[PDB]
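Quick notes on the structure that follows.
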Amino acid sequence: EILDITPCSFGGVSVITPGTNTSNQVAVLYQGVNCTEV
Amino acid sequence: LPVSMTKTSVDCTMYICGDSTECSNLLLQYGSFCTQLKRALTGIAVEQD
């Protein structure tokens with residue numbers, strides 16, 4: 001049997017937030033990641 | 039006249055280490071040596087915009 005190897009654990013995590021005196025809400029940006037799998 | 043460049047982002051972990059547990063444990067005994075691969079390429083990418 002002939003099987004390819006595709007490596008795992010890739011893609012970045014970027015955070016979008018205002019200051020600590022304004023709000024604690026954080027928007028999370030996935031970097032180059034299709035979110036239908038995760 | 040050229041204006042902007044190609045903005046890239048390089049992970050310091052996945053280039054040096056092959057996602058092995060031995061390479062990440064030796065990285066924590068180094069302190070941090072890659073503290074400046076992330077912030078310089080961020081600092082280019084702000085100035086490219």
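Read top to bottom, the protein sequences are chains R and D. Here the first sequence is numbered in this note's numbering, starting from 1 and rising by one per residue. Here the second sequence is numbered in this note's numbering, starting from 39 and rising by one per residue. Beta carbons are placed, not taken as given, at the ideal position from N, Cα and C, and that holds for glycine.
Taking a Cβ-Cβ cut-off of 7 angstroms, the neighbours of residue 57(D) in chain R comprise 9, given in sequence order. Between the C-alpha atoms of residue 24(R) and residue 4(R) there is a straight-line separation of about 44 angstroms. Contact check between the stretch 44-60 of chain D and the stretch 72-86 of chain D: three or more CB pairs, one atom from each, fall below 8 angstroms, which counts as touching. Beta-bridge partners of residue 14(R) (DSSP): 29(R).
Scanning 14(R), 20(R), 8(R) for the CA closest to the CA of residue 27(R) turns up 14(R). Think of a sphere of 9 angstroms around the beta carbon of residue 12(R): the chain D residues whose beta carbon falls inside it are 47, 49, in chain order.
Closest by C-alpha distance to residue 76(D), out of 40(D), 39(D), 45(D), 41(D), is 45(D). Distance from the CA of residue 11(R) to the CA of residue 82(D), rounded to the nearest whole angstrom, comes to 20 angstroms.
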